>>> print(open('work.csv').read())   # CSV, C-alpha atoms and all ligand atoms
chain,number,residue,atom,x,y,z
A,3,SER,CA,45.2,77.6,58.3
A,4,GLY,CA,46.1,79.7,61.3
A,5,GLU,CA,42.5,80.0,62.5
A,6,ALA,CA,41.0,79.4,66.0
A,7,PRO,CA,40.0,75.9,66.9
A,8,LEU,CA,36.9,74.6,65.0
A,9,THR,CA,35.1,74.1,68.3
A,10,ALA,CA,35.4,77.8,69.2
A,11,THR,CA,34.2,78.8,65.8
A,12,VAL,CA,31.1,76.6,65.9
A,13,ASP,CA,30.3,77.3,69.5
A,14,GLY,CA,30.6,81.0,68.9
A,15,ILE,CA,28.0,80.9,66.2
A,16,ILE,CA,25.7,78.2,67.4
A,17,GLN,CA,25.4,78.9,71.2
A,18,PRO,CA,24.1,82.5,70.9
A,19,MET,CA,21.5,81.2,68.3
A,20,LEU,CA,20.3,78.4,70.6
A,21,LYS,CA,19.7,81.0,73.3
A,22,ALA,CA,18.1,83.6,71.0
A,23,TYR,CA,15.5,81.0,69.7
A,24,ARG,CA,15.3,78.8,72.8
A,25,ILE,CA,16.3,75.8,70.9
A,26,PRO,CA,16.5,72.8,73.3
A,27,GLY,CA,19.0,70.8,71.3
A,28,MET,CA,21.1,70.8,68.2
A,29,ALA,CA,23.4,68.3,66.5
A,30,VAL,CA,26.0,70.0,64.2
A,31,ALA,CA,28.3,68.1,61.9
A,32,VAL,CA,30.9,69.5,59.5
A,33,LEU,CA,33.2,68.1,56.9
A,34,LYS,CA,36.7,69.7,56.6
A,35,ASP,CA,40.0,68.3,55.3
A,36,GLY,CA,38.4,64.9,54.5
A,37,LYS,CA,37.1,64.3,58.1
A,38,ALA,CA,34.0,64.7,60.1
A,39,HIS,CA,33.6,66.8,63.2
A,40,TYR,CA,30.7,66.7,65.5
A,41,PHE,CA,29.4,69.5,67.9
A,42,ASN,CA,26.5,68.5,70.1
A,43,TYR,CA,24.3,71.0,72.1
A,44,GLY,CA,21.6,70.7,74.7
A,45,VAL,CA,18.9,68.1,75.0
A,46,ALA,CA,16.8,65.8,72.7
A,47,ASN,CA,14.0,65.6,75.3
A,48,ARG,CA,13.5,68.4,77.8
A,49,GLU,CA,11.7,66.1,80.2
A,50,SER,CA,14.2,63.3,80.4
A,51,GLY,CA,17.2,65.6,79.9
A,52,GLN,CA,18.6,63.1,77.4
A,53,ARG,CA,21.6,64.8,75.6
A,54,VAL,CA,21.8,65.4,71.9
A,55,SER,CA,24.5,63.4,70.1
A,56,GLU,CA,25.3,62.7,66.4
A,57,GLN,CA,23.1,59.6,66.9
A,58,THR,CA,20.0,61.5,68.1
A,59,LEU,CA,17.2,61.2,65.5
A,60,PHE,CA,15.6,64.4,64.4
A,61,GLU,CA,12.8,65.1,61.9
A,62,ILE,CA,14.7,66.6,59.0
A,63,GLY,CA,11.5,67.7,57.2
A,64,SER,CA,12.0,68.8,53.6
A,65,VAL,CA,15.7,67.7,53.7
A,66,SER,CA,13.9,64.4,53.0
A,67,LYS,CA,13.4,65.7,49.5
A,68,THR,CA,17.1,65.2,48.7
A,69,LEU,CA,16.8,61.4,49.6
A,70,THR,CA,13.5,61.2,47.6
A,71,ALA,CA,15.2,62.9,44.7
A,72,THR,CA,18.1,60.4,44.9
A,73,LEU,CA,15.7,57.5,44.9
A,74,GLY,CA,13.9,58.9,41.9
A,75,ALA,CA,17.1,59.5,40.0
A,76,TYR,CA,18.1,55.9,40.9
A,77,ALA,CA,14.8,54.6,39.5
A,78,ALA,CA,15.3,56.5,36.2
A,79,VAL,CA,18.8,55.1,35.9
A,80,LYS,CA,17.5,51.6,36.5
A,81,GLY,CA,15.0,52.1,33.6
A,82,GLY,CA,11.8,52.7,35.5
A,83,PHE,CA,11.0,56.0,33.8
A,84,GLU,CA,12.6,58.9,32.0
A,85,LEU,CA,12.8,62.4,33.4
A,86,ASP,CA,11.5,63.4,30.0
A,87,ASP,CA,8.4,61.1,30.2
A,88,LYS,CA,4.9,62.4,30.7
A,89,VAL,CA,3.7,61.7,34.2
A,90,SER,CA,0.6,59.8,33.2
A,91,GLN,CA,2.9,57.2,31.4
A,92,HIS,CA,3.7,56.1,35.0
A,93,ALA,CA,0.2,56.3,36.6
A,94,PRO,CA,-2.7,54.8,34.6
A,95,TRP,CA,-5.1,56.6,37.0
A,96,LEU,CA,-3.8,59.9,35.6
A,97,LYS,CA,-4.3,59.2,31.9
A,98,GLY,CA,-6.6,61.9,30.6
A,99,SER,CA,-5.7,64.4,33.4
A,100,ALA,CA,-3.5,67.4,33.2
A,101,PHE,CA,-0.6,65.1,33.9
A,102,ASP,CA,-0.7,64.0,30.3
A,103,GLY,CA,1.1,67.3,29.7
A,104,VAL,CA,3.6,67.4,32.6
A,105,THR,CA,7.0,65.5,32.7
A,106,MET,CA,8.5,63.6,35.6
A,107,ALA,CA,11.3,66.2,35.7
A,108,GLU,CA,8.8,69.0,36.1
A,109,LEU,CA,7.2,67.1,38.9
A,110,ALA,CA,10.5,66.7,40.7
A,111,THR,CA,11.5,70.3,40.2
A,112,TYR,CA,8.2,72.0,41.2
A,113,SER,CA,7.5,73.3,37.7
A,114,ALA,CA,4.4,71.3,36.7
A,115,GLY,CA,2.3,74.5,36.6
A,116,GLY,CA,1.2,75.8,40.0
A,117,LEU,CA,0.9,72.7,42.3
A,118,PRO,CA,0.8,74.3,45.8
A,119,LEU,CA,3.0,74.0,48.8
A,120,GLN,CA,0.6,71.7,50.7
A,121,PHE,CA,-2.3,69.4,49.8
A,122,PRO,CA,-5.7,70.8,50.8
A,123,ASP,CA,-7.0,69.5,54.1
A,124,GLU,CA,-9.5,67.1,52.4
A,125,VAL,CA,-6.6,65.1,50.9
A,126,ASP,CA,-6.3,62.7,53.8
A,127,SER,CA,-6.3,59.3,52.2
A,128,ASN,CA,-4.9,57.6,49.1
A,129,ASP,CA,-8.3,57.8,47.3
A,130,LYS,CA,-8.7,61.5,48.1
A,131,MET,CA,-5.1,62.0,46.9
A,132,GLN,CA,-5.8,60.3,43.5
A,133,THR,CA,-8.9,62.4,43.1
A,134,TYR,CA,-6.9,65.6,43.9
A,135,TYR,CA,-4.4,65.0,41.1
A,136,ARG,CA,-7.0,63.9,38.6
A,137,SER,CA,-8.9,67.1,39.2
A,138,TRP,CA,-5.9,69.5,39.2
A,139,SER,CA,-6.2,72.5,36.8
A,140,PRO,CA,-2.8,74.0,35.9
A,141,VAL,CA,-2.4,77.8,36.4
A,142,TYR,CA,0.8,78.0,34.2
A,143,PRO,CA,2.1,76.1,31.2
A,144,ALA,CA,4.3,73.2,32.2
A,145,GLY,CA,8.0,73.9,32.8
A,146,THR,CA,7.6,77.7,33.0
A,147,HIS,CA,7.0,78.5,36.7
A,148,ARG,CA,8.5,77.1,39.9
A,149,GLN,CA,6.3,76.8,42.9
A,150,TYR,CA,7.9,74.8,45.8
A,151,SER,CA,5.4,71.9,46.4
A,152,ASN,CA,4.9,68.8,48.5
A,153,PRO,CA,2.3,67.4,46.2
A,154,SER,CA,4.7,67.8,43.3
A,155,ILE,CA,7.9,66.1,44.5
A,156,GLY,CA,5.7,63.8,46.7
A,157,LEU,CA,4.1,62.4,43.5
A,158,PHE,CA,7.4,62.2,41.8
A,159,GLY,CA,8.8,59.9,44.5
A,160,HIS,CA,5.7,57.8,44.7
A,161,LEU,CA,5.6,57.2,41.0
A,162,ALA,CA,9.3,56.7,40.7
A,163,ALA,CA,9.3,53.9,43.3
A,164,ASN,CA,6.3,52.3,41.7
A,165,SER,CA,8.0,52.4,38.3
A,166,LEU,CA,10.4,49.7,39.8
A,167,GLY,CA,7.4,47.7,41.1
A,168,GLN,CA,8.1,48.7,44.7
A,169,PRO,CA,6.4,50.9,47.3
A,170,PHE,CA,8.4,54.0,48.1
A,171,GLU,CA,9.2,53.0,51.7
A,172,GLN,CA,10.4,49.6,50.7
A,173,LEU,CA,12.7,50.9,47.9
A,174,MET,CA,14.1,53.5,50.3
A,175,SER,CA,14.6,51.2,53.3
A,176,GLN,CA,15.8,48.1,51.5
A,177,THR,CA,17.7,49.5,48.6
A,178,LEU,CA,18.7,53.2,48.7
A,179,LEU,CA,19.6,53.7,52.4
A,180,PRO,CA,21.6,50.4,52.7
A,181,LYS,CA,23.5,51.2,49.5
A,182,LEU,CA,24.3,54.7,50.8
A,183,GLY,CA,25.5,53.0,54.1
A,184,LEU,CA,22.9,54.8,56.1
A,185,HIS,CA,21.8,52.5,58.9
A,186,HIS,CA,20.3,55.0,61.3
A,187,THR,CA,18.0,56.7,58.9
A,188,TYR,CA,14.2,55.9,58.8
A,189,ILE,CA,10.8,56.7,57.5
A,190,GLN,CA,9.2,54.8,60.4
A,191,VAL,CA,11.5,54.7,63.4
A,192,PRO,CA,11.7,51.1,64.7
A,193,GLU,CA,11.2,50.3,68.3
A,194,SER,CA,15.0,49.6,68.8
A,195,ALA,CA,15.7,53.2,67.8
A,196,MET,CA,12.9,55.0,69.7
A,197,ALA,CA,15.2,55.8,72.6
A,198,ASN,CA,17.2,58.0,70.2
A,199,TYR,CA,14.2,59.9,68.7
A,200,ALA,CA,14.2,63.5,69.9
A,201,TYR,CA,11.0,65.4,70.7
A,202,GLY,CA,10.4,68.6,68.8
A,203,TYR,CA,9.1,71.7,70.5
A,204,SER,CA,6.3,73.8,68.9
A,205,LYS,CA,5.8,77.5,68.6
A,206,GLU,CA,3.8,77.3,71.8
A,207,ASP,CA,6.7,75.3,73.4
A,208,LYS,CA,4.8,72.0,73.6
A,209,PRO,CA,6.5,68.6,72.8
A,210,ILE,CA,5.5,67.2,69.4
A,211,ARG,CA,6.8,64.3,67.4
A,212,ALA,CA,5.2,62.9,64.3
A,213,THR,CA,5.2,63.5,60.6
A,214,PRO,CA,1.6,62.6,59.5
A,215,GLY,CA,0.2,63.4,56.1
A,216,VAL,CA,-0.4,62.2,52.6
A,217,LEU,CA,3.0,61.4,50.8
A,218,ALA,CA,4.7,62.5,54.0
A,219,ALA,CA,7.4,59.8,53.5
A,220,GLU,CA,8.4,61.3,50.1
A,221,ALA,CA,8.0,65.0,51.0
A,222,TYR,CA,9.2,65.5,54.6
A,223,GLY,CA,9.2,62.2,56.6
A,224,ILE,CA,12.8,61.2,57.2
A,225,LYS,CA,14.2,60.8,60.8
A,226,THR,CA,18.0,60.7,61.0
A,227,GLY,CA,21.0,62.1,63.0
A,228,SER,CA,23.8,64.3,62.0
A,229,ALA,CA,26.3,61.5,61.5
A,230,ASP,CA,24.1,59.7,58.9
A,231,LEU,CA,23.1,62.9,57.3
A,232,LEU,CA,26.8,63.9,57.0
A,233,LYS,CA,27.5,60.5,55.5
A,234,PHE,CA,24.9,61.2,52.8
A,235,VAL,CA,26.6,64.5,52.2
A,236,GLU,CA,29.9,62.7,51.8
A,237,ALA,CA,28.3,60.5,49.2
A,238,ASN,CA,27.4,63.7,47.4
A,239,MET,CA,31.2,64.5,47.4
A,240,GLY,CA,32.7,61.2,46.1
A,241,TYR,CA,30.5,58.1,46.2
A,242,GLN,CA,31.9,55.0,44.7
A,243,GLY,CA,30.3,51.6,44.3
A,244,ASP,CA,26.9,50.9,42.7
A,245,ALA,CA,27.3,52.5,39.3
A,246,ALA,CA,23.5,53.2,39.2
A,247,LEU,CA,23.6,55.0,42.6
A,248,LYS,CA,26.7,57.0,41.4
A,249,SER,CA,24.8,58.1,38.3
A,250,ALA,CA,21.8,58.9,40.5
A,251,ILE,CA,23.8,61.2,42.8
A,252,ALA,CA,25.2,63.0,39.7
A,253,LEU,CA,21.7,63.6,38.4
A,254,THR,CA,20.8,65.3,41.7
A,255,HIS,CA,23.6,67.7,40.9
A,256,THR,CA,22.1,68.5,37.5
A,257,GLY,CA,20.3,71.8,37.1
A,258,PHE,CA,16.9,71.9,35.4
A,259,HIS,CA,16.1,75.7,35.6
A,260,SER,CA,17.1,78.7,37.7
A,261,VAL,CA,15.3,81.3,39.8
A,262,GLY,CA,17.6,84.2,40.3
A,263,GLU,CA,21.0,83.0,41.5
A,264,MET,CA,19.5,79.6,42.6
A,265,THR,CA,19.6,76.6,40.3
A,266,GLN,CA,17.0,73.9,40.9
A,267,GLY,CA,18.3,70.3,40.8
A,268,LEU,CA,16.6,67.1,41.9
A,269,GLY,CA,16.2,67.8,45.6
A,270,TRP,CA,19.3,69.9,46.0
A,271,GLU,CA,19.2,73.6,45.2
A,272,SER,CA,22.6,75.2,44.4
A,273,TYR,CA,24.5,78.5,44.0
A,274,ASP,CA,27.8,79.4,42.3
A,275,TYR,CA,30.5,79.2,45.0
A,276,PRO,CA,31.5,81.4,46.7
A,277,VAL,CA,27.9,82.7,47.4
A,278,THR,CA,27.2,85.8,49.5
A,279,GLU,CA,25.0,85.6,52.6
A,280,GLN,CA,22.6,88.0,50.9
A,281,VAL,CA,22.2,85.7,47.9
A,282,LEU,CA,21.9,82.5,50.0
A,283,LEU,CA,19.2,84.2,52.2
A,284,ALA,CA,17.2,85.5,49.2
A,285,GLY,CA,17.2,82.1,47.5
A,286,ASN,CA,15.8,80.5,50.7
A,287,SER,CA,13.3,83.3,51.4
A,288,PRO,CA,9.5,83.2,50.9
A,289,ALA,CA,9.8,85.2,47.7
A,290,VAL,CA,11.3,82.0,46.3
A,291,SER,CA,9.8,79.3,48.6
A,292,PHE,CA,6.2,80.5,49.1
A,293,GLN,CA,5.0,81.8,45.7
A,294,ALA,CA,5.3,81.0,42.0
A,295,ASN,CA,8.2,82.4,40.1
A,296,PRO,CA,8.9,82.3,36.3
A,297,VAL,CA,12.0,80.2,35.8
A,298,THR,CA,15.0,80.9,33.6
A,299,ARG,CA,14.5,78.0,31.3
A,300,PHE,CA,17.4,75.7,30.5
A,301,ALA,CA,17.7,74.5,26.9
A,302,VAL,CA,19.0,71.2,28.4
A,303,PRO,CA,19.6,69.9,31.9
A,304,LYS,CA,23.2,70.6,32.8
A,305,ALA,CA,25.7,69.2,35.4
A,306,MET,CA,26.3,72.0,37.9
A,307,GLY,CA,29.8,70.8,39.0
A,308,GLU,CA,31.9,71.0,42.0
A,309,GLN,CA,32.4,74.8,42.4
A,310,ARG,CA,28.9,75.2,43.9
A,311,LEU,CA,27.2,75.4,47.2
A,312,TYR,CA,24.4,72.8,47.3
A,313,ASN,CA,21.8,73.2,50.1
A,314,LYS,CA,18.4,72.2,51.4
A,315,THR,CA,16.2,73.5,54.3
A,316,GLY,CA,13.8,71.3,56.1
A,317,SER,CA,11.1,71.9,58.8
A,318,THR,CA,8.3,70.2,60.6
A,319,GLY,CA,6.1,71.6,63.4
A,320,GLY,CA,8.8,70.9,66.0
A,321,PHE,CA,12.0,70.7,64.1
A,322,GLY,CA,14.4,72.8,61.9
A,323,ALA,CA,17.1,71.4,59.7
A,324,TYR,CA,19.6,72.8,57.2
A,325,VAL,CA,22.4,71.2,55.1
A,326,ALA,CA,24.9,72.8,52.8
A,327,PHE,CA,28.1,71.6,51.1
A,328,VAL,CA,30.7,72.6,48.6
A,329,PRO,CA,32.3,69.7,46.8
A,330,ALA,CA,35.3,71.5,45.3
A,331,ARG,CA,36.4,72.5,48.8
A,332,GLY,CA,35.4,69.4,50.7
A,333,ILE,CA,33.4,71.4,53.3
A,334,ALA,CA,29.9,70.9,54.6
A,335,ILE,CA,27.6,71.7,57.4
A,336,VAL,CA,24.6,69.8,58.9
A,337,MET,CA,22.5,71.5,61.6
A,338,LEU,CA,19.6,69.5,63.1
A,339,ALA,CA,17.5,71.2,65.8
A,340,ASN,CA,14.3,70.3,67.8
A,341,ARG,CA,12.7,73.7,67.2
A,342,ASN,CA,11.4,75.1,64.0
A,343,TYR,CA,13.4,78.3,64.1
A,344,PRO,CA,13.7,80.8,61.3
A,345,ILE,CA,15.4,79.7,58.1
A,346,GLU,CA,17.2,83.1,57.9
A,347,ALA,CA,19.0,82.2,61.2
A,348,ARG,CA,19.9,78.8,59.8
A,349,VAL,CA,21.4,80.3,56.7
A,350,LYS,CA,23.3,83.1,58.5
A,351,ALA,CA,24.9,80.6,60.9
A,352,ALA,CA,25.7,78.1,58.2
A,353,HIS,CA,27.2,80.7,55.9
A,354,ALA,CA,29.4,82.0,58.8
A,355,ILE,CA,30.6,78.5,59.6
A,356,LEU,CA,31.3,77.5,56.0
A,357,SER,CA,33.1,80.7,55.4
A,358,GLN,CA,35.5,79.8,58.2
A,359,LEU,CA,35.9,76.2,57.0
A,360,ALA,CA,37.0,77.4,53.6
A,361,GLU,CA,39.9,79.4,55.0
B,401,ZN,ZN,37.4,67.7,64.8
B,402,ZN,ZN,20.7,49.2,57.4
B,403,ZN,ZN,23.3,51.6,65.9
B,404,ZN,ZN,4.6,84.3,35.5
>>> encode(input="work.csv", output="structure tokens")
Amino acid sequence: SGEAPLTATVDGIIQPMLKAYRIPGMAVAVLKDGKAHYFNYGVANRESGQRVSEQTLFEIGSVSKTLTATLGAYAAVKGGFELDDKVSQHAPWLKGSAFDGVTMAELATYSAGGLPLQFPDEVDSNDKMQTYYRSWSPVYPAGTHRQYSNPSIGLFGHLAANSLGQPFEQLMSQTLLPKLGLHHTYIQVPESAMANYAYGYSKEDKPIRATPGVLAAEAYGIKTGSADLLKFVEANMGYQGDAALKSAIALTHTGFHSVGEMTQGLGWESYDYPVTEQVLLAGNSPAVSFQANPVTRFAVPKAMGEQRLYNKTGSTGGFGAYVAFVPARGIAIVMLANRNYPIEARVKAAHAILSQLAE
């Protein structure tokens, strides 16, 4: 209590950043004291001049991994697979491959043994994708090294959905999103929503808007606005309803290993709260996100609890997203922009805003 108005705090941090990085538009949403607050900046489309709101659709890039993780956890709770199962128990076409020796949990948490950030360029169809995984030669023993990876969590989501007999997009759009109450969140934006879909703006300042690629849906393909994304965050701080979905959300807050001060869950990565700016920056730096690291192994997976900052970055060619929340204090920040601007800037701004929300 006794602070300046929330609008002043947020404007004071966000406006200078939008100028510094020439960000055309940003939707910011925060949770504090049990309610949502929206702060909308600039334009979703520079040409039309359409204003950003909390209903503007942005590409959230790898923030998608948190929804994919929730879907996968849901499928495990429903009995489709065990986190402990070997991957090839859920993909006949992988029997005999290195995936005989990797678990579903390892796939989800990027610890299979050196799967890279991106597929090679030749992986451009489903057949080429299957050949890729069948041919993969691990660099590290399973469960020992974390290397942030689209092929890894992408395969996890794909196989998790199929373990329930459903394609990923169907399970997400017909089961998970409706049960979460997310009705303006899409893998493929329907025509009725296209008017709300922001354009992204590239490094060379050109309008771009698409998330093509193999397993794009699973790895980085969600379009949503700040209001739906904040509602998903709210579900991560007290969902009630479908017992299976409640269990699934709890599993996303379970830690499987750590790298430094960061603990890897399913989708969400977390830190002991309060976390310093320096630690949050380091955990989201290329030293952690763009190379293999040996993990601190956990004897067992463990619930990380409420006194944590949970977060996820996401980017595409034209977009830059960040989400962070602290369940014990009922605070959260969502920042969706239509420029892929530096993760360090996202983290510094978010940390500064959360610090104010906690006081
Ligand atoms: Zn307010
Ligand atoms: Zn709906
Ligand atoms: Zn609507
Ligand atoms: Zn090593």
>>> residues_around(input="work.csv", residues="stretch 178-193 of chain A", least_positions_apart="6", cutoff="9 Å", atoms="all atoms listed in the file", output="list in words")
residues 57, 59, 69, 72, 73, 76, 171, 199, 219, 223, 224, 225, 226, 227, 229, 230, 231, 233, 234, 237, 241, 243, 244 and 247 of chain A
>>> residues_near_ligand(input="work.csv", ligand="ligand ZN 401 (chain B)", cutoff="9 Å", atoms="only C-alpha atoms and all ligand atoms", output="PyMOL selection string")
chain A and resi 7-9+32-34+37-41
>>> atom_distance(input="work.csv", atom1="atom CA of residue A:220", atom2="atom CA of residue A:74")
10.2 Å
>>> closest_residue(input="work.csv", among="A:358, A:318, A:55, A:309", to="residue A:344", atoms="all atoms listed in the file")
A:318
>>> closest_residue(input="work.csv", among="A:97, A:80, A:331, A:130", to="residue A:308", atoms="all atoms listed in the file")
A:331
>>> atom_distance(input="work.csv", atom1="atom CA of residue A:56", atom2="atom CA of residue A:29")
5.9 Å
>>> closest_residue(input="work.csv", among="A:284, A:221, A:253, A:25", to="residue A:43", atoms="all atoms listed in the file")
A:25
>>> residues_around(input="work.csv", residues="residue A:85", least_positions_apart="4", cutoff="8 Å", atoms="only C-alpha atoms", output="count of residues only")
4
>>> closest_residue(input="work.csv", among="A:99, A:254, A:31, A:297", to="ligand ZN 404 (chain B)", atoms="all atoms listed in the file")
A:297
>>> closest_residue(input="work.csv", among="A:83, A:275, A:300, A:170", to="residue A:261", atoms="all atoms listed in the file")
A:300
>>> residues_around(input="work.csv", residues="stretch 262-267 of chain A", least_positions_apart="3", cutoff="10 Å", atoms="all atoms listed in the file", output="ChimeraX atom specification")
/A:68,71,107,110-112,148,253-259,270-274,277,281-282,284-286,290,295-298,303-306,311-312
>>> residues_around(input="work.csv", residues="stretch 334-340 of chain A", least_positions_apart="6", cutoff="6 Å", atoms="all atoms listed in the file", output="list in words")
residues 27, 28, 29, 30, 31, 32, 33, 202, 320, 321, 322, 323, 324, 325, 326 and 327 of chain A
>>> write_last_selection(input="work.csv", atoms="C-alpha atoms", output="PDB file, keeping the file's coordinate frame")
ATOM      1  CA  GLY A  27      19.000  70.800  71.300  1.00  0.00           C
ATOM      2  CA  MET A  28      21.100  70.800  68.200  1.00  0.00           C
ATOM      3  CA  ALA A  29      23.400  68.300  66.500  1.00  0.00           C
ATOM      4  CA  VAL A  30      26.000  70.000  64.200  1.00  0.00           C
ATOM      5  CA  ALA A  31      28.300  68.100  61.900  1.00  0.00           C
ATOM      6  CA  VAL A  32      30.900  69.500  59.500  1.00  0.00           C
ATOM      7  CA  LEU A  33      33.200  68.100  56.900  1.00  0.00           C
ATOM      8  CA  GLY A 202      10.400  68.600  68.800  1.00  0.00           C
ATOM      9  CA  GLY A 320       8.800  70.900  66.000  1.00  0.00           C
ATOM     10  CA  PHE A 321      12.000  70.700  64.100  1.00  0.00           C
ATOM     11  CA  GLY A 322      14.400  72.800  61.900  1.00  0.00           C
ATOM     12  CA  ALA A 323      17.100  71.400  59.700  1.00  0.00           C
ATOM     13  CA  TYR A 324      19.600  72.800  57.200  1.00  0.00           C
ATOM     14  CA  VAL A 325      22.400  71.200  55.100  1.00  0.00           C
ATOM     15  CA  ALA A 326      24.900  72.800  52.800  1.00  0.00           C
ATOM     16  CA  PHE A 327      28.100  71.600  51.100  1.00  0.00           C
TER      17      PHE A 327
END
>>> closest_residue(input="work.csv", among="A:150, A:292, A:201, A:135", to="residue A:93", atoms="all atoms listed in the file")
A:135
>>> residues_around(input="work.csv", residues="stretch 115-129 of chain A", least_positions_apart="6", cutoff="12 Å", atoms="only C-alpha atoms", output="PyMOL selection string")
chain A and resi 64+95+100-101+103-105+108-109+135-157+160+214-218+221-222+288+290-297
>>> atom_distance(input="work.csv", atom1="atom CA of residue A:252", atom2="atom CA of residue A:360")
23.2 Å
>>> build_atoms(input="work.csv", residues="stretch 46-62 of chain A", atoms="N, CA, C and O atoms", output="PDB file, keeping the file's coordinate frame")
ATOM      1  N   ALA A  46      17.757  66.390  73.673  1.00  0.00           N
ATOM      2  CA  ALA A  46      16.800  65.800  72.700  1.00  0.00           C
ATOM      3  C   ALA A  46      15.410  65.747  73.268  1.00  0.00           C
ATOM      4  O   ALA A  46      14.436  65.736  72.510  1.00  0.00           O
ATOM      5  N   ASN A  47      15.309  65.732  74.589  1.00  0.00           N
ATOM      6  CA  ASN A  47      14.000  65.600  75.300  1.00  0.00           C
ATOM      7  C   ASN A  47      14.191  66.379  76.560  1.00  0.00           C
ATOM      8  O   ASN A  47      15.003  66.041  77.432  1.00  0.00           O
ATOM      9  N   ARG A  48      13.440  67.465  76.654  1.00  0.00           N
ATOM     10  CA  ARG A  48      13.500  68.400  77.800  1.00  0.00           C
ATOM     11  C   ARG A  48      13.155  67.713  79.087  1.00  0.00           C
ATOM     12  O   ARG A  48      13.694  68.048  80.143  1.00  0.00           O
ATOM     13  N   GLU A  49      12.208  66.785  79.022  1.00  0.00           N
ATOM     14  CA  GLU A  49      11.700  66.100  80.200  1.00  0.00           C
ATOM     15  C   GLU A  49      12.773  65.186  80.792  1.00  0.00           C
ATOM     16  O   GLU A  49      13.153  65.291  81.961  1.00  0.00           O
ATOM     17  N   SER A  50      13.234  64.257  79.963  1.00  0.00           N
ATOM     18  CA  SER A  50      14.200  63.300  80.400  1.00  0.00           C
ATOM     19  C   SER A  50      15.599  63.885  80.575  1.00  0.00           C
ATOM     20  O   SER A  50      16.412  63.394  81.356  1.00  0.00           O
ATOM     21  N   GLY A  51      15.877  64.954  79.835  1.00  0.00           N
ATOM     22  CA  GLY A  51      17.200  65.600  79.900  1.00  0.00           C
ATOM     23  C   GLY A  51      18.199  64.860  79.047  1.00  0.00           C
ATOM     24  O   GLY A  51      19.383  65.191  79.101  1.00  0.00           O
ATOM     25  N   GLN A  52      17.755  63.892  78.252  1.00  0.00           N
ATOM     26  CA  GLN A  52      18.600  63.100  77.400  1.00  0.00           C
ATOM     27  C   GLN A  52      19.427  64.088  76.459  1.00  0.00           C
ATOM     28  O   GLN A  52      18.852  64.986  75.828  1.00  0.00           O
ATOM     29  N   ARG A  53      20.738  63.898  76.397  1.00  0.00           N
ATOM     30  CA  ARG A  53      21.600  64.800  75.600  1.00  0.00           C
ATOM     31  C   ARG A  53      21.548  64.493  74.153  1.00  0.00           C
ATOM     32  O   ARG A  53      21.464  63.340  73.752  1.00  0.00           O
ATOM     33  N   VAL A  54      21.600  65.536  73.333  1.00  0.00           N
ATOM     34  CA  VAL A  54      21.800  65.400  71.900  1.00  0.00           C
ATOM     35  C   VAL A  54      23.180  64.767  71.609  1.00  0.00           C
ATOM     36  O   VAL A  54      24.184  65.202  72.209  1.00  0.00           O
ATOM     37  N   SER A  55      23.255  63.801  70.707  1.00  0.00           N
ATOM     38  CA  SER A  55      24.500  63.400  70.100  1.00  0.00           C
ATOM     39  C   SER A  55      24.312  63.298  68.583  1.00  0.00           C
ATOM     40  O   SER A  55      23.211  63.529  68.068  1.00  0.00           O
ATOM     41  N   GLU A  56      25.357  62.876  67.876  1.00  0.00           N
ATOM     42  CA  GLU A  56      25.300  62.700  66.400  1.00  0.00           C
ATOM     43  C   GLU A  56      24.466  61.469  66.053  1.00  0.00           C
ATOM     44  O   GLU A  56      24.261  61.226  64.865  1.00  0.00           O
ATOM     45  N   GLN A  57      24.015  60.706  67.061  1.00  0.00           N
ATOM     46  CA  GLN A  57      23.100  59.600  66.900  1.00  0.00           C
ATOM     47  C   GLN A  57      21.648  59.931  67.248  1.00  0.00           C
ATOM     48  O   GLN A  57      20.762  59.096  67.076  1.00  0.00           O
ATOM     49  N   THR A  58      21.383  61.102  67.802  1.00  0.00           N
ATOM     50  CA  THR A  58      20.000  61.500  68.100  1.00  0.00           C
ATOM     51  C   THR A  58      19.262  61.593  66.745  1.00  0.00           C
ATOM     52  O   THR A  58      19.769  62.154  65.784  1.00  0.00           O
ATOM     53  N   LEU A  59      18.036  61.064  66.705  1.00  0.00           N
ATOM     54  CA  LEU A  59      17.200  61.200  65.500  1.00  0.00           C
ATOM     55  C   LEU A  59      16.342  62.454  65.605  1.00  0.00           C
ATOM     56  O   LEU A  59      15.652  62.709  66.594  1.00  0.00           O
ATOM     57  N   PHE A  60      16.430  63.259  64.549  1.00  0.00           N
ATOM     58  CA  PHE A  60      15.600  64.400  64.400  1.00  0.00           C
ATOM     59  C   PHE A  60      14.736  64.272  63.164  1.00  0.00           C
ATOM     60  O   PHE A  60      15.112  63.594  62.233  1.00  0.00           O
ATOM     61  N   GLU A  61      13.562  64.900  63.163  1.00  0.00           N
ATOM     62  CA  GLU A  61      12.800  65.100  61.900  1.00  0.00           C
ATOM     63  C   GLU A  61      13.540  66.090  61.071  1.00  0.00           C
ATOM     64  O   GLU A  61      13.792  67.214  61.521  1.00  0.00           O
ATOM     65  N   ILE A  62      13.935  65.693  59.870  1.00  0.00           N
ATOM     66  CA  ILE A  62      14.700  66.600  59.000  1.00  0.00           C
ATOM     67  C   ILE A  62      13.737  67.302  57.993  1.00  0.00           C
ATOM     68  O   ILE A  62      14.186  68.112  57.176  1.00  0.00           O
TER      69      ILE A  62
END
